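Right, one structure below, let's go through it.
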There are 10 protein chains.
Amino acid sequence: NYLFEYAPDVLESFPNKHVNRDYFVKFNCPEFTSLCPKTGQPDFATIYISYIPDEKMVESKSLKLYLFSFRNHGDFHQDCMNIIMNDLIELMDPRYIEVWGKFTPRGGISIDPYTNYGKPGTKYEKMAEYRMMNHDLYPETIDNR
Amino acid sequence: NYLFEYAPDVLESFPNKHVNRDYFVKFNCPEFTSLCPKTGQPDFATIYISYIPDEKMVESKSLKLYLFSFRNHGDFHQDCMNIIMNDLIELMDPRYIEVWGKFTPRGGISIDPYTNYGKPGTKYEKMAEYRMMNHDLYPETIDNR
Amino acid sequence: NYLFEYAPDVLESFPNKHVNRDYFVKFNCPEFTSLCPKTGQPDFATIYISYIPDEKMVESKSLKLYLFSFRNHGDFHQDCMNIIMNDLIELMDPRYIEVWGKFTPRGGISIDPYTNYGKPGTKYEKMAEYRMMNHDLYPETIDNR
Amino acid sequence: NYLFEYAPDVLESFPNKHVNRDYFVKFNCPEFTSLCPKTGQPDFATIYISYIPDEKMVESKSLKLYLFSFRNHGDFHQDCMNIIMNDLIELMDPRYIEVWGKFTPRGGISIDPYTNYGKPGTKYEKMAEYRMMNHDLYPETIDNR
Amino acid sequence: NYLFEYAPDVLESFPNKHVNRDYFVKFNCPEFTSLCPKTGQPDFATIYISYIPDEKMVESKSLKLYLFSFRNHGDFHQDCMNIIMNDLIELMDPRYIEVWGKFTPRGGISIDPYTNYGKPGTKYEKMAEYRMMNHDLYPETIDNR
Amino acid sequence: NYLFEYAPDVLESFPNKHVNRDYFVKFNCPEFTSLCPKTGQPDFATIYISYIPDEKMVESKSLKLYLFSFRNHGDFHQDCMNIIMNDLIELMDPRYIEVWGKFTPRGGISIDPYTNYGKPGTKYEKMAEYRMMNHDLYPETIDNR
Amino acid sequence: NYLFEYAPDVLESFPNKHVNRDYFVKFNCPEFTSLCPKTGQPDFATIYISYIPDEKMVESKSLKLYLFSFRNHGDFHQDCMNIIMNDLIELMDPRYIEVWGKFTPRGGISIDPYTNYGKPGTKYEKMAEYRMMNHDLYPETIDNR
Amino acid sequence: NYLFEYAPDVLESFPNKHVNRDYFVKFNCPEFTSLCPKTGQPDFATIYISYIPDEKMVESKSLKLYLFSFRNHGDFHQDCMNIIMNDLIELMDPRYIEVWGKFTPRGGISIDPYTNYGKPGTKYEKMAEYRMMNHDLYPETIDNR
Amino acid sequence: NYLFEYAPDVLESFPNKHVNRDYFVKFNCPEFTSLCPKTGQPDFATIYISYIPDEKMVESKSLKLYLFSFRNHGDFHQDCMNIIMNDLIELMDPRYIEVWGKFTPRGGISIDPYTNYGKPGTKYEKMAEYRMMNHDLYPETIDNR
Amino acid sequence: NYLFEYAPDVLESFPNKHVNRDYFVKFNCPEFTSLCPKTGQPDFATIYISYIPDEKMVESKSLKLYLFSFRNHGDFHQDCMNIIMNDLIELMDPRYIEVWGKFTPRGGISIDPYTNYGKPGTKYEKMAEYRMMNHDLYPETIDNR
Ligand SMILES: [Mg+2]
Ligand SMILES: [Mg+2]
Ligand SMILES: [Mg+2]
Ligand SMILES: [Mg+2]
Ligand SMILES: [Mg+2]
Ligand SMILES: [Mg+2]
Ligand SMILES: [Mg+2]
Ligand SMILES: [Mg+2]
Ligand SMILES: [Mg+2]
Ligand SMILES: [Mg+2]
Ligand SMILES: [Mg+2]
Ligand SMILES: [Mg+2]
Ligand SMILES: [Mg+2]
Ligand SMILES: [Mg+2]
């Protein structure tokens with residue numbers, strides 16, 4: 001249940017009507033916040049999630065609810081971007097996926113974590129390998145303002 | 001008859017005068033809107049369409065109209081970015097094409113779908129794969145404003 | 001007890017050391033979120049709070065907490081910008097205060113409420129009227145991204 | 001009915017819980033488009049609507065529906081920003097109101113119309129007089145891109 | 001005529017049907033070019049024309065053409081901002097009008113001329129004086145790039 | 001000649017005193033305008049001409065005059081960006097050259113054409129090929145404003 | 001002295017050779033840092049010090065050293081922006097002076113303090129008063145990034 | 001003269017075609033450098049020159065040259081901005097003038113001087129007093145980069 | 001210690017529990033300051049530290065402090081970017097690490113040093129070489145402001 | 001020397017503390033001007049100098065001075081950027097170097113030259129070839145202002 005606790009169950013998929021090709025979908029998510037930090041102070045991020053579906057696409061409404069479920073969730077065991085990628089992998093079995101998060105600063109320093117994944121043994125694994133090697137080569141200017 | 005209905009047949013091509021080279025043509029299209037969402041609310045987006053003509057070039061006034069024709073159309077037999085690319089592939093049989101959407105937020109999230117295509121087994125297919133691999137590698141700051 | 005419930009009583013003031021002058025203090029607050037909307041979806045906003053202390057100054061760590069305390073609070077007996085100003089007027093009895101919200105879109109529209117206050121019949125009241133008259137005169141480009 | 005035709009009737013108000021003070025509310029509306037032009041080509045705008053309520057506030061959902069009702073409305077008799085201001089005056093009887101619209105260019109030129117209003121004989125009329133005299137003194141840079 | 005020379009004759013007006021109030025119209029014209037310099041080489045500017053009609057509006061196609069008409073016009077004895085103003089004042093007999101030009105560099109120097117006009121002995125004559133006195137108080141950053 | 005019509009003969013070169021390196025030269029050209037469009041209305045664009053000379057360099061002043069010459073020219077029996085790249089190939093015989101145009105919108109759509117050329121059978125052709133497969137991968141944001 | 005602690009005695013003046021005009025001088029100071037916060041962690045700010053001299057001008061190099069001296073100083077038994085304005089009043093006896101600070105965030109909130117001073121009973125006090133009633137009316141957008 | 005020293009004698013003027021109104025001319029001058037610093041080391045600014053003409057207007061080429069003449073000029077007993085305003089005052093006997101410099105950092109700090117002048121006893125003197133009061137109320141964010 | 005001197009000892013690590021994949025972490029540190037210049041005066045930069053942990057993550061409070069520790073530290077015989085890298089390499093034994101500094105102007109010149117590191121004989125050694133070769137291909141605009 | 005002529009002799013170098021890795025040093029140089037144009041008239045650029053050192057690193061003050069020395073220097077038979085690269089090549093025997101100029105408009109056009117160099121036969125030469133291929137693929141929007 002999405003309201004008070006983390007709800008990976010709230011995620012819903014639908015058939016990708018274009019298995020025939022590589023359809024690339026990105027979700028800009030700037031209303032992300034959670035109690036993942038070890039300190040209990042909330043954190044705040046814009047999370048960008050990009051993926052190439054195989055059989056399945058994720059419903060955008062369910063994603064929103066899913067991300068809201070993190071709001072008051074301070075049972076952080078494994079790292080939060082990963083939880084997000086894992087859950088979405090479990091859901092769609094995608095060809096490619098990545099979760100990029102840009103955080104508000106805490107202590108004068110903002111953390112931008114990044115993970116991706118492509119199906120083992122396919123060009124999508126080369127894609128993840130390539131998008132890692134090339135990650136964030138050209139950084140937006142940060143002045144804390 | 002026209003200004004309401006989806007109208008893939010108002011499109012028009014004309015002959016490419018530089019078939020010897022790869023001429024790159026980008027259409028920036030910030031005035032795009034449709035009912036494609038299942039809900040019934042309309043959507044809004046900047047659509048970027050880049051192609052390399054072979055023999056036939058799409059004429060811009062007709063692309064304007066084609067695009068306006070999505071105003072009141074909203075069917076999901078198929079996805080709208082793909083509908084757009086297909087009608088364009090049908091019309092032109094181009095070396096390379098891509099359709100990139102940047103949409104306004106609903107529920108806090110914005111969706112930026114992207115599909116491309118290149119003539120099978122040609123260098124253009126290699127370009128499609130490559131452009132997909134490097135797609136949106138340096139995303140834009142999206143704060144909802 | 002605290003991190004869920006609306007908590008106007010965690011606020012704390014301390015004595016102004018420059019009561020002789022008009023000291024202007026602006027708090028930029030981009031990490032704000034609440035359930036104030038009647039629907040139940042949360043809202044997000046940058047809140048700008050500007051005041052001129054009289055005898056009492058609000059201490060920032062407590063304002064941080066006060067503001068976090070709206071996370072799960074969402075009641076509309078009264079509006080949230082006004083709730084915020086009132087608790088602050090209660091706490092400090094300041095010469096001048098204003099609370100300016102810039103919110104994220106829902107249904108395509110974004111709402112930027114603004115209220116101010118100045119001690120009745122003083123120059124500060126004149127400043128309130130004036131600032132309201134010149135409010136947001138040079139708006140910002142809002143394209144939803 | 002909002003779907004196919006103009007629906008000023010769709011607008012709904014609720015009691016302003018703060019008649020006691022001047023509460024300033026602004027709506028950034030970038031998903032505006034209509035068939036108001038004399039040519040039948042649609043037009044596209046970001047519309048900023050700001051107001052100070054008296055007895056009444058406008059419901060934001062109804063506004064959105066109201067603005068959508070312009071989408072396919074080519075019965076343009078009187079100018080479109082005015083229609084919008086008038087309808088909203090009829091609805092709320094506000095202390096102050098203004099409608100500012102920034103249009104996409106047509107013919108290499110973009111039109112930014114502006115009207116406002118304050119209750120006759122009050123400081124709000126002086127406010128409108130002042131916000132007119134001062135309108136758009138510092139223009140954002142336009143290069144059509 | 002406007003095809004290859006200065007063409008006041010192409011300017012056209014229509015009745016302003018929102019005459020019992022102050023309707024502010026800005027035209028952003030970033031496609032302006034002429035041979036106004038005495039050097040015989042063209043110049044380039046964005047031109048901002050803002051006015052408040054009395055009884056008549058400028059028909060904007062006609063203003064597209066009128067401006068176009070300046071393309072191959074070697075300087076009148078007058079200056080081009082003022083001729084633009086005069087011709088518009090003749091056509092319309094407006095309450096208030098201004099014309100502001102931002103030209104591109106020559107010699108490393110860009111020139112921004114500004115003239116206005118409020119109907120003599122009205123409040124708009126006071127506005128003119130006001131907008132003159134406040135002109136460009138907050139100027140854009142020029143790096144020549 | 002160089003006042004009212006297309007003048008390729010205005011172009012002029014001078015010896016590249018550095019035939020031993022790849023010297024990469026870029027001209028940014030914001031003041032470009034022509035009558036190329038079929039219709040006969042002007043277009044407007046920033047045109048970017050990057051290139052690597054072999055023995056010859058184009059003398060900047062003549063490129064200015066050359067581009068000026070497009071002002072009253074609309075022989076779109078070829079395409080204008082290709083005509084430009086061509087006359088420059090004819091004048092220079094360069095290792096590498098490209099012509100990227102960014103046009104202002106028309107019918108709400110703005111067109112950005114791009115063509116290049118690297119000396120055949122050399123690494124420059126590899127370059128033209130690569131830069132074409134990488135073209136405009138990280139697009140500028142377009143809203144028409 | 002001027003290496004590890006507060007050093008007002010580093011400040012230095014020189015005759016204003018223009019006592020006959022109002023010469024308005026602004027120092028932009030981005031490299032400001034101190035231990036002012038109660039807690040003992042550093043703060044960081046761009047500090048803007050604008051002022052109109054009477055007979056004395058502050059010698060820029062000494063202001064650099066003066067501000068440098070805050071690096072290891074946290075005697076918030078006064079406020080640091082006021083200490084700065086004060087030592088400068090003490091050193092200069094200026095017609096007008098202000099000190100606007102913009103600090104990086106802490107606990108997700110960034111503080112911007114502002115104080116000014118105009119010679120009492122003169123027009124400068126009118127100025128201090130006006131600029132204070134107009135302070136930061138057109139705010140910079142804050143997202144923490 | 002021009003080439004290698006301070007040269008006020010190089011400024012021309014020409015007749016103001018529009019004495020019956022207030023014609024505002026701004027010059028944006030980003031290529032300014034000199035040896036005015038006490039040190040001997042050069043400085044670099046954008047100087048913004050604005051004025052309303054009475055009967056004489058400054059010749060635009062002379063200004064470029066005049067300004068070039070500061071390139072190796074060191075010190076009089078005056079600040080460089082005032083030297084500029086004085087010279088321009090003598091040349092044209094202007095109704096209003098102002099010189100606004102924005103310089104590049106030295107020692108972590110950039111200096112922004114500003115002077116102006118209205119004809120004594122006129123509304124122009126009221127304008128100058130006004131524009132000094134309103135000066136640089138909304139500064140750009142400075143970060144040194 | 002970190003209070004007033006260089007403090008590697010404060011750096012702290014923890015087990016990376018997402019070890020069977022590549023997790024990319026960027027720290028934006030825009031509050032960096034030290035006495036690394038041999039001139040004895042401080043310097044100021046944003047520092048971007050990006051790494052891909054093997055088995056251990058840097059604990060980020062400890063990195064806040066470590067960086068803080070540089071505040072009053074007159075240059076090691078080494079250079080400060082590399083010492084930052086080494087110490088982090090010692091603490092963590094990472095697959096990949098880079099440290100990029102953007103310093104503020106001195107002499108009118110800002111220095112951006114960049115070093116990286118991929119574990120010897122792994123793919124990350126190839127990445128290092130790659131990110132080196134591609135470093136800063138698309139550099140930010142420096143106006144010194 | 002420095003003061004009034006071209007002075008290569010003014011460049012120092014000092015030992016590279018890090019020969020065992022690739023240490024990338026970028027200089028951002030926005031205060032560059034010279035008389036290199038054929039005309040005799042000056043020019044203004046931001047020059048960006050980047051290099052990987054072998055055994056010598058350039059002394060940062062000498063570079064400022066060296067660069068100042070171009071202030072009144074006219075023409076050799078070389079372009080100015082190459083003169084800079086050559087001088088820096090001689091001084092340090094670098095692994096990689098590149099000079100990127102961005103100049104201000106003359107005649108509606110700004111020129112952006114670029115050269116580089118890797119040690120012949122090394123991976124650095126591969127890097128230089130690579131960086132020329134990838135050069136300025138994503139240009140900033142140029143409008144002359
Ligand atoms: Mg499958
Ligand atoms: Mg920033
Ligand atoms: Mg074929
Ligand atoms: Mg934003
Ligand atoms: Mg009291
Ligand atoms: Mg935007
Ligand atoms: Mg009432
Ligand atoms: Mg623009
Ligand atoms: Mg610019
Ligand atoms: Mg030809
Ligand atoms: Mg735009
Ligand atoms: Mg004191
Ligand atoms: Mg920001
Ligand atoms: Mg800047």
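In the structure tokens, the first chain shown is A, the next is B, and so on; residue numbers restart at 1 for each chain, and ligands run from 1 in the order shown.
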
Within 10 Å of ligand 6, which residues of chain B show up? Give each one with its shortest atom-to-atom distance in Å (one decimal) and the two atoms involved, counting only C-alpha atoms and all ligand atoms, rows by chain then rising residue number, as JSON lines.
{"residue": "B:140", "atom": "CA", "partner": "ligand 6", "partner_atom_place_in_ligand_line": "1 (Mg)", "distance": 9.6}
{"residue": "B:141", "atom": "CA", "partner": "ligand 6", "partner_atom_place_in_ligand_line": "1 (Mg)", "distance": 9.0}
{"residue": "B:142", "atom": "CA", "partner": "ligand 6", "partner_atom_place_in_ligand_line": "1 (Mg)", "distance": 8.2}
{"residue": "B:143", "atom": "CA", "partner": "ligand 6", "partner_atom_place_in_ligand_line": "1 (Mg)", "distance": 9.0}
{"residue": "B:144", "atom": "CA", "partner": "ligand 6", "partner_atom_place_in_ligand_line": "1 (Mg)", "distance": 8.5}
{"residue": "B:145", "atom": "CA", "partner": "ligand 6", "partner_atom_place_in_ligand_line": "1 (Mg)", "distance": 6.4}

> Just asking: which residues within chain B are strand (DSSP E) according to DSSP, as JSON, numbers by chain?
Replying inline: {"B": [13, 14, 15, 24, 25, 26, 27, 28, 29, 30, 31, 32, 33, 34, 43, 44, 45, 46, 47, 48, 49, 50, 51, 52, 56, 57, 58, 96, 97, 98, 99, 100, 101, 102, 103, 110, 111, 112, 113, 114, 115, 116, 117, 118]}

>> Excluding stretch 12-23 of chain B and its own-chain neighbours fewer than 3 positions away, which residues fall within 7 Å of it when counting only C-alpha atoms? Please give them as JSON, numbers by chain.
In response: {"B": [52, 53, 54, 55, 56, 57, 58, 59, 62, 91, 92], "F": [78, 114, 115]}

Dump of N, CA, C and O atoms for the selected residues, as an mmCIF file, in the first residue's frame:
data_model
loop_
_atom_site.group_PDB
_atom_site.id
_atom_site.type_symbol
_atom_site.label_atom_id
_atom_site.label_comp_id
_atom_site.auth_asym_id
_atom_site.auth_seq_id
_atom_site.Cartn_x
_atom_site.Cartn_y
_atom_site.Cartn_z
ATOM 1 N N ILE B 52 17.585 11.761 -42.636
ATOM 2 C CA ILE B 52 18.436 11.861 -43.809
ATOM 3 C C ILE B 52 17.590 11.302 -44.929
ATOM 4 O O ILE B 52 17.310 10.091 -44.971
ATOM 5 N N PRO B 53 17.148 12.188 -45.829
ATOM 6 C CA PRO B 53 16.399 11.774 -47.012
ATOM 7 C C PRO B 53 17.227 10.826 -47.896
ATOM 8 O O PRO B 53 18.481 10.875 -47.913
ATOM 9 N N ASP B 54 16.515 9.941 -48.583
ATOM 10 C CA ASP B 54 17.043 9.303 -49.762
ATOM 11 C C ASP B 54 16.539 10.118 -50.976
ATOM 12 O O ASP B 54 17.073 11.177 -51.300
ATOM 13 N N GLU B 55 15.472 9.667 -51.604
ATOM 14 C CA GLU B 55 15.090 10.255 -52.864
ATOM 15 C C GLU B 55 14.054 11.303 -52.622
ATOM 16 O O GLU B 55 13.918 12.247 -53.405
ATOM 17 N N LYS B 56 13.335 11.138 -51.517
ATOM 18 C CA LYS B 56 12.180 11.976 -51.228
ATOM 19 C C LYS B 56 12.361 12.773 -49.931
ATOM 20 O O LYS B 56 12.917 12.261 -48.959
ATOM 21 N N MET B 57 11.939 14.037 -49.953
ATOM 22 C CA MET B 57 12.027 14.935 -48.800
ATOM 23 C C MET B 57 10.634 15.310 -48.371
ATOM 24 O O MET B 57 9.796 15.558 -49.226
ATOM 25 N N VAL B 58 10.346 15.325 -47.071
ATOM 26 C CA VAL B 58 9.009 15.833 -46.680
ATOM 27 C C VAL B 58 8.918 17.352 -46.736
ATOM 28 O O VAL B 58 9.839 18.065 -46.350
ATOM 29 N N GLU B 59 7.811 17.829 -47.264
ATOM 30 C CA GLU B 59 7.608 19.257 -47.403
ATOM 31 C C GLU B 59 6.967 19.774 -46.112
ATOM 32 O O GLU B 59 6.050 19.159 -45.564
ATOM 33 N N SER B 62 3.212 20.591 -45.175
ATOM 34 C CA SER B 62 2.410 19.388 -44.975
ATOM 35 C C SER B 62 2.727 18.707 -43.632
ATOM 36 O O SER B 62 1.876 18.020 -43.065
ATOM 37 N N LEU B 91 6.197 7.463 -46.243
ATOM 38 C CA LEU B 91 6.118 8.558 -47.226
ATOM 39 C C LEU B 91 7.400 8.774 -48.020
ATOM 40 O O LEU B 91 7.352 9.194 -49.176
ATOM 41 N N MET B 92 8.538 8.457 -47.408
ATOM 42 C CA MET B 92 9.840 8.938 -47.887
ATOM 43 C C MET B 92 10.858 7.844 -48.136
ATOM 44 O O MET B 92 11.782 8.059 -48.917
ATOM 45 N N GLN F 78 18.358 24.447 -56.055
ATOM 46 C CA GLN F 78 19.255 23.654 -55.227
ATOM 47 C C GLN F 78 18.825 23.960 -53.785
ATOM 48 O O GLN F 78 17.820 24.640 -53.571
ATOM 49 N N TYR F 114 21.801 20.346 -42.073
ATOM 50 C CA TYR F 114 23.243 20.117 -41.856
ATOM 51 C C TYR F 114 23.814 19.216 -42.945
ATOM 52 O O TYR F 114 23.247 18.140 -43.187
ATOM 53 N N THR F 115 24.868 19.679 -43.634
ATOM 54 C CA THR F 115 25.678 18.848 -44.570
ATOM 55 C C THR F 115 27.142 19.030 -44.336
ATOM 56 O O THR F 115 27.555 20.114 -44.030
#

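Note that atom CA of residue H:139 and atom CA of residue C:135 are 17.6 Å apart.
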
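In this model, the gap between atom CA of residue B:31 and atom CA of residue F:132 comes to 27.0 Å.
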
>> With only C-alpha atoms considered, list every residue of chain D at most 12 Å from chain E, as an MDAnalysis selection string.
In response: chainID D and resid 37:39 77:83 85:86 98:118 120 125 128:145

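Here atom CA of residue F:33 stands at a distance of 11.5 Å from atom CA of residue E:34.
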
>> For residue B:40, find every residue with an atom within 8 Å (counting only C-alpha atoms), except residues of its own chain fewer than 4 positions away, and show them as number ranges by chain.
In response: B: 35-36, 74

Can I get the selected residues back with N, CA, C and O atoms, as an mmCIF file, in the first residue's frame?
data_model
loop_
_atom_site.group_PDB
_atom_site.id
_atom_site.type_symbol
_atom_site.label_atom_id
_atom_site.label_comp_id
_atom_site.auth_asym_id
_atom_site.auth_seq_id
_atom_site.Cartn_x
_atom_site.Cartn_y
_atom_site.Cartn_z
ATOM 1 N N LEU B 35 -4.456 13.835 -28.028
ATOM 2 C CA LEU B 35 -5.213 13.113 -27.001
ATOM 3 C C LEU B 35 -4.699 11.680 -26.768
ATOM 4 O O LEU B 35 -5.316 10.909 -26.016
ATOM 5 N N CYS B 36 -3.566 11.338 -27.387
ATOM 6 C CA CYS B 36 -2.956 10.002 -27.245
ATOM 7 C C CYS B 36 -3.065 9.331 -25.863
ATOM 8 O O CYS B 36 -3.244 8.120 -25.804
ATOM 9 N N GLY B 74 -6.438 10.577 -30.769
ATOM 10 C CA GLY B 74 -5.795 10.025 -29.585
ATOM 11 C C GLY B 74 -5.720 8.515 -29.455
ATOM 12 O O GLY B 74 -5.539 8.005 -28.349
#

>> With DSSP run on the backbone, what are the alpha helix (DSSP H) residues within chain H? I'd like them as a ChimeraX atom specification.
In response: /H:60-68,80-92,123-133
